[PDB]
Amino acid sequence: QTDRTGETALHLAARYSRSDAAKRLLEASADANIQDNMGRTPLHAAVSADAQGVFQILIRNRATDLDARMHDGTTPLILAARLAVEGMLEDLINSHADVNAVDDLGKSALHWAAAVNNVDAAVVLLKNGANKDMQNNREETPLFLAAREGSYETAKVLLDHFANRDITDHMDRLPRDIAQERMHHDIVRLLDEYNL
Amino acid sequence: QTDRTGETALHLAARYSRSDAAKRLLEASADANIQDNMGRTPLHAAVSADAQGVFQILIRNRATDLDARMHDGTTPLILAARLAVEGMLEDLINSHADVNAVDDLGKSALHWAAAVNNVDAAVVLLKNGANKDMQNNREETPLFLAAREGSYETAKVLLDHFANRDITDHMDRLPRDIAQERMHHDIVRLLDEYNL
Amino acid sequence: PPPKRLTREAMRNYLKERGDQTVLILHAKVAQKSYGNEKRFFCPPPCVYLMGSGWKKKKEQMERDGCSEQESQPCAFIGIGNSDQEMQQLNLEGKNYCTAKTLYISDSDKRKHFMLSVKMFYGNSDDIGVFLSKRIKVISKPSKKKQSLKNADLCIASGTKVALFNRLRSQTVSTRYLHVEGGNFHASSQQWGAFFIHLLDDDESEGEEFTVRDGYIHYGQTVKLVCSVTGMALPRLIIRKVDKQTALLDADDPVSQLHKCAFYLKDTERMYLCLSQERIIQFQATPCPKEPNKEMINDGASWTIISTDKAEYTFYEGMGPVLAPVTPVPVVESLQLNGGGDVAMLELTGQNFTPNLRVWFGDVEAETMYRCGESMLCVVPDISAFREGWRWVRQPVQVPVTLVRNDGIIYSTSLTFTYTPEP
Amino acid sequence: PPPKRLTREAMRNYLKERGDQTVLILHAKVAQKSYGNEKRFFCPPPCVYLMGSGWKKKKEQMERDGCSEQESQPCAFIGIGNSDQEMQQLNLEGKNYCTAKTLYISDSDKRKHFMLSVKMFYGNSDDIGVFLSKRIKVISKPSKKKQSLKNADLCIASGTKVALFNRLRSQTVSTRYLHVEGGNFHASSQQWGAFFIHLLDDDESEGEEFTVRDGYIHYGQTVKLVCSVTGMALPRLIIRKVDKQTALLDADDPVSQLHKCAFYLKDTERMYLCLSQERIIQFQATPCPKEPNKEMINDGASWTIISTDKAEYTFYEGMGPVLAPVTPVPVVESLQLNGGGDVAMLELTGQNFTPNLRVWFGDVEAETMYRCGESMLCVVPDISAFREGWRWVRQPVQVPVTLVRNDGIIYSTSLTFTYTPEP
Amino acid sequence: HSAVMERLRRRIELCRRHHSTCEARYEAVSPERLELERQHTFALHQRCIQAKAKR
Amino acid sequence: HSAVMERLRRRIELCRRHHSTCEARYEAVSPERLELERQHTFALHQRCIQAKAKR
DNA sequence: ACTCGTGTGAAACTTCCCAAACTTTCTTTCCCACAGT
DNA sequence: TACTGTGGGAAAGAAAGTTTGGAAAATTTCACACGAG
């Protein structure tokens with residue numbers, strides 16, 4: 001711990017993308033699930049830093065908690081989904097990360113991916129379990145966050161695996177509504193008229 | 001597959017104890033759960049060959065099935081227990097191998113460890129779950145195999161965790177009896193008079 | 001007049017000024033349902049403060065343009081939103097705070113949760129936008145529940161700020177809340193303060209050096225309370241339940257929301273803390289003969305207790321009047337460092353983000369990728385944006401991070417990026 | 001005379017001779033319980049063969065020492081073991097095989113499993129030791145069970161060798177089993193053959209090119225049966241259930257143990273396979289009027305079918321007479337190669353191992369570590385133990401692996417280690 | 001580089017492109033959107049002003 | 001070597017030592033153990049020989 | 001019954017898979033005394 | 001007065017549970033009657 005950020009020698013090599021620097025630190029039976037003051041394991045750092053090199057190491061390593069949370073309870077599967085990086089989401093899925101794991105606001109990577117209109121993510125995530133109608137501690141279906149943010153493409157995709165468009169939020173507003181409101185008439189037209 | 005034995009490039013480096021030869025073969029997304037004609041994954045080869053180097057690699061790697069079976073359904077945890085190697089048993093246990101997993105004759109590594117009077121193995125195994133009273137498709141308690149082979153020390157140890165000495169075989173012989181018969185009067189005296 | 005993006009200049013003359021406008025809604029975490037024709041009011045009343053040495057600057061600048069004492073009058077309205085009841089005005093005249101003591105929630109409001117929206121504009125129709133409270137939970141009745149922490153949301157946990165009020169004999173008008181006037185605790189029927197409910201050890205050392213604990217709060221525990229308002233603290237108290245003005249000493253259950261109770265001052269005989277039909281004092285509590293460990297107690301030592309919340313929002317005008325509301329107001333929970341050095345970026349998680357912001361590192365605007373409502377991303381500008389010499393970060397530099405709108409409204413953050421030499 | 005460990009010599013003059021003695025117990029996998037005073041006999045009778053061109057050598061050597069025709073008489077006794085019934089002799093006189101057709105299992109034998117022990121010695125009291133059958137399971141009554149494969153042990157699976165017998169009208173003496181006499185199928189009341197019950201496809205090509213399937217066997221399937229005895233095979237048959245000499249064509253349940261049935265010769269009209277009060281033929285089967293798909297059938301086309309097992313044991317005298325029994329006899333299921341080259345060892349898994357053995361690679365004895373009863377270990381001797389030149393294995397060499405006791409009794413294995421040049 | 005650089009250029013472009021499409025809808029709708037906010041701040045101001053007329 | 005060699009010497013010894021203790025109980029008990037096998041092959045031979053006397 | 005392998009098949013019986021009130025700790029509703037306008 | 005909040009209780013309910021019945025295959029075991037020496 002450099003005690004500035006609470007970060008370990010591993011954490012650093014993760015963020016700095018030193019892919020084999022990390023390797024010897026693993027030859028050393030060095031724990032790869034240490035938390036910095038943000039409460040993130042070097043894997044988190046690795047994802048955050050789009051460091052495919054180091055990433056690959058940690059996930060190929062069995063010791064490493066793939067579903068580790070941060071102080072706000074973010075999983076690497078979450079960052080992976082929002083920070084729009086290539087591959088990572090998938091690799092974590094294949095290595096059997098809890099796809100329905102949630103952060104403190106109880107949003108799943110599917111949720112976030114619909115927040116950041118991350119269509120690719122959402123599809124992969126759907127085809128790997130993923131509660132498509134999960135709620136968060138505001139009773140928000142990920143179809144909802146989509147319809148709020150108005151991210152239409154990801155939206156078509158859950159409408160596509162038939163997400164339930166009628167599950168509301170914790171204030172009895174349909175997703176259909178937070179559209180109307182935020183003035184996304186497209187997302188509306190889609191909710192009014194696509195599938196059923 | 002060299003098709004002589006059905007063995008892969010990995011299998012070989014495992015048996016030959018080339019510890020970093022194995023490493024590059026793993027950099028290559030090469031599957032580490034290939035079966036040779038005996039039906040053994042390189043890990044099985046690594047254990048068999050007391051190759052701590054390669055072993056450590058494969059077990060530290062997440063892809064690798066730690067509970068893989070052979071044509072006779074032997075788990076590495078099984079060989080580990082019988083082939084009397086140092087450490088391996090433990091490291092596999094720590095990496096969360098199914099400790100109660102069984103071979104086709106339905107004998108657990110605790111069973112074998114009592115067959116081969118492997119006291120150390122038995123103790124580690126007991127302190128990690130391990131059905132101490134498990135039976136095999138001959139209804140043989142591992143306290144039994146001990147009392148058959150007459151391996152007394154391992155026997156004192158199950159009597160120590162109070163294995164049930166009254167569970168019989170599939171022919172209604174007490175372990176107490178297969179002692180008597182095989183002329184192990186010590187194992188008898190112990191079964192007659194130690195604990196209760 | 002067309003909208004003017006804030007300038008390298010306007011900024012450096014805000015890091016000197018810091019003349020912030022700032023709203024500040026206080027409010028309870030729960031609200032009792034109101035079945036049929038009745039009307040249960042929010043029993044600490046949602047209390048819209050209005051801090052910041054810059055509201056004045058806005059009265060000044062306004063009138064110095066041709067504006068009434070009637071015009072530069074901030075004009076607020078509160079409401080639960082989603083109703084035909086319409087909204088209710090607040091009298092922000094004279095004093096800067098205000099309270100809405102006749103707010104309720106019909107039987108004809110199915111929603112099992114809700115939010116207070118505090119609409120606002122200057123008299124001149126000049127808009128300032130809607131402000132939102134931090135989520136409130138309908139209940140049906142204060143839930144008297146033994147040790148199953150199943151709902152958890154209802155249990156008053158340690159550390160949380162709570163406000164407690166006293167009403168008497170069952171009459172609407174008497175209501176008086178433990179508030180602090182300058183440094184002397186009283187019971188206003190206008191003002192309520194919010195106190196932190198820190199937990200303590202059963203066995204005790206001196207009355208200072210206050211070391212805190214974890215977990216929920218159960219009746220019987222020892223709990224000091226520090227006011228965020230004056231900073232002041234009351235002597236070490238012991239919370240106990242109450243049934244028909246009798247304070248049961250052996251209550252082993254956890255304090256649920258909106259529960260009546262009483263505070264035994266530790267080591268003061270049998271004295272408790274009690275409401276004064278005036279300025280607040282302590283009381284001896286009656287005998288306890290037929291019921292052994294169950295003391296009978298006064299009208300005024302029987303408080304109702306509710307966990308509270310605040311909803312802050314700061315924002316400065318950095319390019320003068322702007323036609324559209326300054327709302328939604330960006331609030332920034334956490335600031336993450338993605339990557340390092342020459343690639344170094346920064347992820348911002350908060351809420352109410354909008355594509356039309358841009359995070360500024362001190363006075364240098366940084367390119368800003370908006371991911372969504374509650375996440376943003378920006379590129380840590382090179383160190384030679386501040387110290388014009390150096391191609392590298394030769395030693396620790398710390399600039400304050402801040403969000404800046406298009407028409408240059410600037411939402412402050414009090415969070416700071418700190419450059420550091422590479423390890 | 002003190003015991004003589006086998007020698008480098010004795011061996012090389014066995015890899016030429018191969019004059020093996022060998023027992024060989026055949027027997028049914030199940031045996032019906034016998035409640036109270038009754039006596040259900042093992043309905044194929046356990047059949048102690050005695051192959052190997054060296055039982056003769058042991059008659060020869062013996063008499064050529066001063067031994068009776070009475071003395072060099074192998075003298076066997078069978079028994080379920082654990083009883084007061086004592087044992088029952090076998091008449092190994094004349095012919096080399098024999099059968100024990102009055103063996104049963106009391107109600108006073110609680111053991112839910114059991115084993116046949118075949119004691120033996122030469123007439124001269126000269127011992128040869130106990131032989132054991134491959135585990136047999138008590139049942140209470142042939143279990144007519146629909147498609148739940150819960151017990152599995154009872155369900156006749158594909159590939160398994162099965163013997164089927166015919167008894168008639170309910171009388172003990174008639175019993176005749178499908179056996180092969182030289183190449184012509186008959187029904188002996190002395191001899192029973194064991195046939196493999198391979199599975200086939202519902203839709204069919206020609207009557208050869210026999211390609212097999214997996215899983216259990218259910219009534220109605222097509223099943224060829226090849227004899228291990230003559231090698232011969234009966235035409236493609238169709239197994240169907242039987243109730244009161246009527247062969248229900250639509251039986252969709254799996255063949256359970258000790259079940260009556262009948263064999264429809266495919267594509268031969270309505271002909272089946274039937275018992276001849278002589279040498280075996282086919283039968284047309286009666287009408288089927290009131291019951292539509294349910295054909296009435298003969299006494300002789302109604303067989304009982306049971307899954308069987310063998311228990312082989314070879315062993316040579318490599319140092320002449322040995323005082324103690326040549327039993328228990330080492331049998332070797334699998335041979336594993338631990339390690340490589342200069343460290344190369346070999347693990348042997350089998351059963352009835354004993355510390356007093358030593359695995360020989362051809363004629364070179366290799367150091368042998370005994371791990372336990374069912375596992376052993378030995379050190380692959382250097383290639384220059386066979387090819388005296390070379391420090392390395394320059395190209396493929398294959399020697400036969402075999403277990404050798406202390407007093408040089410030698411148990412053969414038909415397993416072979418194959419040296420190979422390093423890859 | 002170009003191994004990673006082409007990858008990083010591609011990532012940043014995603015955010016970039018995205019951010020664009022967002023900050024462009026928000027701007028476009030905001031007229032129409034400010035409009036249930038004006039019309040509301042209106043017939044509500046005629047209440048702010050007659051409770052000032054009660055002082 | 002000696003890293004592994006001392007480890008391998010140690011392993012082999014274990015088997016070696018074990019096998020020893022085994023092959024030495026077995027040998028030791030075998031007299032007494034052959035003894036319910038003789039006494040049995042006896043009063044059972046006097047039955048092998050009088051069913052030869054019935055031919 | 002004369003006494004002994006076989007098969008009926010009826011009567012006792014085993015885990016077993018699944019469908020019921022309630023053990024039951026929580027709410028949500030509504031119905032109604034008491035004190036101040 | 002007769003209508004304002006309020007506390008408060010009592011009858012109405014409800015989703016997490018343990019489990020009690022007991023209805024659905026497949027054991028045991030036993031008592032028994034053909035056909036043969």
# chains A, B, ... in the order shown; residues from 1 in each chain; ligands from 1
$ residues_around --residues "residue 70 (chain A)" --least-positions-apart "2" --cutoff "9 Å" --atoms "only C-alpha atoms (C1' of nucleotides)" --output "number ranges by chain"
A: 35, 38-41, 44, 68, 72-75, 103
$ write_last_selection --atoms "N, CA, C and O atoms" --output "PDB file, in the first residue's frame"
ATOM      1  N   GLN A  35      -7.598  -4.883  -1.752  1.00  0.00           N
ATOM      2  CA  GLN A  35      -8.443  -3.713  -2.040  1.00  0.00           C
ATOM      3  C   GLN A  35      -7.689  -2.396  -1.811  1.00  0.00           C
ATOM      4  O   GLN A  35      -7.056  -2.210  -0.763  1.00  0.00           O
ATOM      5  N   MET A  38     -10.497   2.735  -2.884  1.00  0.00           N
ATOM      6  CA  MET A  38     -11.728   2.713  -3.665  1.00  0.00           C
ATOM      7  C   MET A  38     -12.440   1.392  -3.461  1.00  0.00           C
ATOM      8  O   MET A  38     -13.628   1.238  -3.756  1.00  0.00           O
ATOM      9  N   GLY A  39     -11.679   0.432  -2.960  1.00  0.00           N
ATOM     10  CA  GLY A  39     -12.169  -0.908  -2.756  1.00  0.00           C
ATOM     11  C   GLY A  39     -12.185  -1.658  -4.064  1.00  0.00           C
ATOM     12  O   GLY A  39     -13.201  -2.269  -4.411  1.00  0.00           O
ATOM     13  N   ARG A  40     -11.074  -1.603  -4.798  1.00  0.00           N
ATOM     14  CA  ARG A  40     -10.977  -2.361  -6.038  1.00  0.00           C
ATOM     15  C   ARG A  40      -9.762  -3.260  -6.084  1.00  0.00           C
ATOM     16  O   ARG A  40      -8.673  -2.879  -5.654  1.00  0.00           O
ATOM     17  N   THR A  41      -9.995  -4.477  -6.569  1.00  0.00           N
ATOM     18  CA  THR A  41      -8.959  -5.479  -6.805  1.00  0.00           C
ATOM     19  C   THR A  41      -8.228  -5.111  -8.089  1.00  0.00           C
ATOM     20  O   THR A  41      -8.824  -4.505  -8.984  1.00  0.00           O
ATOM     21  N   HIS A  44     -10.143  -5.056 -11.291  1.00  0.00           N
ATOM     22  CA  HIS A  44     -10.903  -3.823 -11.536  1.00  0.00           C
ATOM     23  C   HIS A  44     -10.043  -2.795 -12.275  1.00  0.00           C
ATOM     24  O   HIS A  44     -10.454  -2.206 -13.276  1.00  0.00           O
ATOM     25  N   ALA A  68     -15.621  -9.717  -7.528  1.00  0.00           N
ATOM     26  CA  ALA A  68     -15.249  -8.790  -6.453  1.00  0.00           C
ATOM     27  C   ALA A  68     -15.931  -7.471  -6.631  1.00  0.00           C
ATOM     28  O   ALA A  68     -16.093  -6.998  -7.754  1.00  0.00           O
ATOM     29  N   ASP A  72     -18.697   0.885  -3.871  1.00  0.00           N
ATOM     30  CA  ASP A  72     -20.036   1.128  -4.397  1.00  0.00           C
ATOM     31  C   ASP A  72     -20.570  -0.150  -4.974  1.00  0.00           C
ATOM     32  O   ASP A  72     -21.641  -0.171  -5.614  1.00  0.00           O
ATOM     33  N   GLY A  73     -19.790  -1.205  -4.751  1.00  0.00           N
ATOM     34  CA  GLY A  73     -20.143  -2.553  -5.136  1.00  0.00           C
ATOM     35  C   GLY A  73     -20.108  -2.798  -6.621  1.00  0.00           C
ATOM     36  O   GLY A  73     -20.888  -3.579  -7.134  1.00  0.00           O
ATOM     37  N   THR A  74     -19.207  -2.144  -7.328  1.00  0.00           N
ATOM     38  CA  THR A  74     -19.115  -2.420  -8.743  1.00  0.00           C
ATOM     39  C   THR A  74     -18.234  -3.659  -9.028  1.00  0.00           C
ATOM     40  O   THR A  74     -17.124  -3.809  -8.492  1.00  0.00           O
ATOM     41  N   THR A  75     -18.788  -4.560  -9.835  1.00  0.00           N
ATOM     42  CA  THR A  75     -18.093  -5.744 -10.335  1.00  0.00           C
ATOM     43  C   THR A  75     -17.285  -5.381 -11.585  1.00  0.00           C
ATOM     44  O   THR A  75     -17.633  -4.411 -12.268  1.00  0.00           O
ATOM     45  N   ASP A 103     -24.350  -4.020  -8.265  1.00  0.00           N
ATOM     46  CA  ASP A 103     -23.778  -2.950  -7.381  1.00  0.00           C
ATOM     47  C   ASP A 103     -24.742  -2.448  -6.281  1.00  0.00           C
ATOM     48  O   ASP A 103     -25.925  -2.803  -6.284  1.00  0.00           O
TER      49      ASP A 103
END
$ residues_around --residues "region 1-14 of chain G" --least-positions-apart "5" --cutoff "8 Å" --atoms "only C-alpha atoms (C1' of nucleotides)" --output "PyMOL selection string"
(chain D and resi 38-41+170-172) or (chain H and resi 26-29)
$ residues_around --residues "region 200-211 of chain D" --least-positions-apart "6" --cutoff "10 Å" --atoms "only C-alpha atoms (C1' of nucleotides)" --output "PyMOL selection string"
chain D and resi 158+217+220-224+235-238+266
$ residues_around --residues "residue 79 (chain A)" --least-positions-apart "6" --cutoff "12 Å" --atoms "only C-alpha atoms (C1' of nucleotides)" --output "MDAnalysis selection string"
(chainID A and resid 40 43:50 67:70 72:73 85:86 88:89 92 102:103 107:113 116 118 121) or (chainID C and resid 336 338 347 349 371 375)
$ write_last_selection --atoms "N, CA and C atoms" --output "CSV table (one decimal), in the first residue's frame"
chain,number,residue,atom,x,y,z
A,40,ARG,N,-11.1,-1.6,-4.8
A,40,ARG,CA,-11.0,-2.4,-6.0
A,40,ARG,C,-9.8,-3.3,-6.1
A,43,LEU,N,-7.7,-6.6,-10.7
A,43,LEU,CA,-8.6,-6.9,-11.9
A,43,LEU,C,-9.5,-5.7,-12.3
A,44,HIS,N,-10.1,-5.1,-11.3
A,44,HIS,CA,-10.9,-3.8,-11.5
A,44,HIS,C,-10.0,-2.8,-12.3
A,45,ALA,N,-8.8,-2.6,-11.8
A,45,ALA,CA,-7.9,-1.7,-12.3
A,45,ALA,C,-7.6,-2.1,-13.7
A,46,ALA,N,-7.3,-3.3,-13.9
A,46,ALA,CA,-7.0,-3.9,-15.2
A,46,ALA,C,-8.2,-3.6,-16.2
A,47,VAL,N,-9.4,-3.8,-15.8
A,47,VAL,CA,-10.5,-3.5,-16.7
A,47,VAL,C,-10.6,-2.1,-17.0
A,48,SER,N,-10.5,-1.3,-15.9
A,48,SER,CA,-10.7,0.2,-16.0
A,48,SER,C,-9.7,0.8,-17.0
A,49,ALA,N,-8.5,0.2,-17.1
A,49,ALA,CA,-7.4,0.6,-17.8
A,49,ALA,C,-7.3,0.0,-19.2
A,50,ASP,N,-8.3,-0.7,-19.7
A,50,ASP,CA,-8.4,-1.5,-20.9
A,50,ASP,C,-7.0,-2.1,-21.2
A,67,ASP,N,-15.8,-11.8,-9.2
A,67,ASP,CA,-17.0,-11.1,-8.9
A,67,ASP,C,-16.9,-10.1,-7.8
A,68,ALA,N,-15.6,-9.7,-7.5
A,68,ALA,CA,-15.2,-8.8,-6.5
A,68,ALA,C,-15.9,-7.5,-6.6
A,69,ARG,N,-16.4,-6.9,-5.5
A,69,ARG,CA,-17.0,-5.6,-5.6
A,69,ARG,C,-16.2,-4.4,-5.1
A,70,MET,N,-16.6,-3.2,-5.4
A,70,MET,CA,-16.0,-2.0,-4.9
A,70,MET,C,-16.8,-1.4,-3.8
A,72,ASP,N,-18.7,0.9,-3.9
A,72,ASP,CA,-20.0,1.1,-4.4
A,72,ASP,C,-20.6,-0.1,-5.0
A,73,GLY,N,-19.8,-1.2,-4.8
A,73,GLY,CA,-20.1,-2.6,-5.1
A,73,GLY,C,-20.1,-2.8,-6.6
A,85,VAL,N,-15.2,-1.4,-23.3
A,85,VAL,CA,-14.0,-2.0,-23.8
A,85,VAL,C,-14.4,-3.2,-24.7
A,86,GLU,N,-13.4,-3.7,-25.5
A,86,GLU,CA,-13.7,-4.8,-26.4
A,86,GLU,C,-13.4,-6.1,-25.7
A,88,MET,N,-13.4,-8.0,-23.2
A,88,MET,CA,-13.4,-8.2,-21.7
A,88,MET,C,-14.7,-8.7,-21.1
A,89,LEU,N,-15.9,-8.1,-21.5
A,89,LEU,CA,-17.2,-8.5,-21.0
A,89,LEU,C,-17.3,-10.0,-21.2
A,92,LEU,N,-14.9,-12.4,-19.3
A,92,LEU,CA,-15.4,-12.5,-17.9
A,92,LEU,C,-16.6,-13.4,-17.9
A,102,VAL,N,-25.0,-7.7,-8.7
A,102,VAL,CA,-25.3,-6.2,-8.7
A,102,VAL,C,-24.5,-5.3,-7.9
A,103,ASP,N,-24.3,-4.0,-8.3
A,103,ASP,CA,-23.8,-2.9,-7.4
A,103,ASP,C,-24.7,-2.4,-6.3
A,107,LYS,N,-28.0,-2.5,-9.7
A,107,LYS,CA,-28.0,-2.5,-11.1
A,107,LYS,C,-27.1,-3.6,-11.6
A,108,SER,N,-27.5,-4.4,-12.6
A,108,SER,CA,-26.7,-5.4,-13.1
A,108,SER,C,-26.0,-4.9,-14.3
A,109,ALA,N,-24.9,-5.6,-14.8
A,109,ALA,CA,-24.2,-5.1,-16.0
A,109,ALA,C,-25.2,-5.0,-17.1
A,110,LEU,N,-26.3,-5.7,-17.2
A,110,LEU,CA,-27.3,-5.6,-18.2
A,110,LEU,C,-27.9,-4.3,-18.1
A,111,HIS,N,-28.3,-3.9,-16.9
A,111,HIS,CA,-28.8,-2.6,-16.5
A,111,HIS,C,-27.9,-1.5,-17.1
A,112,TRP,N,-26.7,-1.4,-16.6
A,112,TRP,CA,-25.7,-0.5,-17.1
A,112,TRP,C,-25.5,-0.4,-18.6
A,113,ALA,N,-25.2,-1.6,-19.2
A,113,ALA,CA,-25.2,-1.7,-20.7
A,113,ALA,C,-26.4,-1.1,-21.3
A,116,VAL,N,-25.9,2.8,-20.9
A,116,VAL,CA,-24.9,3.4,-21.9
A,116,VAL,C,-25.1,2.9,-23.3
A,118,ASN,N,-25.2,0.1,-24.8
A,118,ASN,CA,-24.1,-0.8,-25.2
A,118,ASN,C,-24.6,-2.0,-25.8
A,121,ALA,N,-22.7,-5.6,-25.6
A,121,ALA,CA,-22.8,-6.1,-24.3
A,121,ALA,C,-24.1,-6.7,-24.0
C,336,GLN,N,-13.2,8.2,-10.1
C,336,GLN,CA,-12.3,7.1,-10.3
C,336,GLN,C,-11.2,7.4,-11.3
C,338,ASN,N,-9.2,5.8,-14.0
C,338,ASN,CA,-8.9,4.8,-15.0
C,338,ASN,C,-7.6,5.1,-15.7
C,347,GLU,N,-13.2,8.6,-14.4
C,347,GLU,CA,-14.6,8.2,-14.5
C,347,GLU,C,-15.3,8.8,-13.4
C,349,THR,N,-18.9,9.1,-11.4
C,349,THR,CA,-20.2,8.5,-11.1
C,349,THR,C,-20.8,9.4,-10.2
C,371,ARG,N,-21.1,9.1,-20.5
C,371,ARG,CA,-21.5,7.7,-20.8
C,371,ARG,C,-23.0,7.6,-20.5
C,375,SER,N,-22.8,8.2,-14.9
C,375,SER,CA,-21.4,7.9,-15.2
C,375,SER,C,-20.9,8.9,-16.3
$ residues_around --residues "residue 314 (chain C)" --least-positions-apart "5" --cutoff "7 Å" --atoms "only C-alpha atoms (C1' of nucleotides)" --output "list in words"
residues 20, 21, 22, 23, 411 and 412 of chain C
$ write_last_selection --atoms "C-alpha atoms" --output "PDB file, in the first residue's frame"
ATOM      1  CA  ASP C  20     -22.140  29.984  -4.782  1.00  0.00           C
ATOM      2  CA  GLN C  21     -25.895  29.886  -4.917  1.00  0.00           C
ATOM      3  CA  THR C  22     -27.061  26.624  -3.199  1.00  0.00           C
ATOM      4  CA  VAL C  23     -30.484  25.018  -2.404  1.00  0.00           C
ATOM      5  CA  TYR C 411     -21.829  23.096 -10.526  1.00  0.00           C
ATOM      6  CA  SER C 412     -19.092  22.795  -7.885  1.00  0.00           C
TER       7      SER C 412
END
$ residues_around --residues "region 11-20 of chain E" --least-positions-apart "3" --cutoff "12 Å" --atoms "only C-alpha atoms (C1' of nucleotides)" --output "PyMOL selection string"
(chain A and resi 49-50+82-87+115-119+149+151) or (chain C and resi 343+345+353-358+367-373+375-379) or (chain E and resi 4-8+23-27)
$ select_by_dssp --residues "chain E" --states "helix (DSSP H, G or I)" --output "JSON, numbers by chain"
{"E": [3, 4, 5, 6, 7, 8, 9, 10, 11, 12, 13, 14, 15, 16, 17, 18, 19, 20, 21, 22, 23, 24, 25, 26, 27, 28, 29, 30, 31, 32, 33, 34, 35, 36, 37, 38, 39, 40, 41, 42, 45, 46, 47, 48]}
$ residues_around --residues "residue 97 (chain A)" --least-positions-apart "6" --cutoff "12 Å" --atoms "only C-alpha atoms (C1' of nucleotides)" --output "VMD selection string"
chain A and resid 59 64 to 68 75 to 78 80 88 to 91 109 125 128 to 130
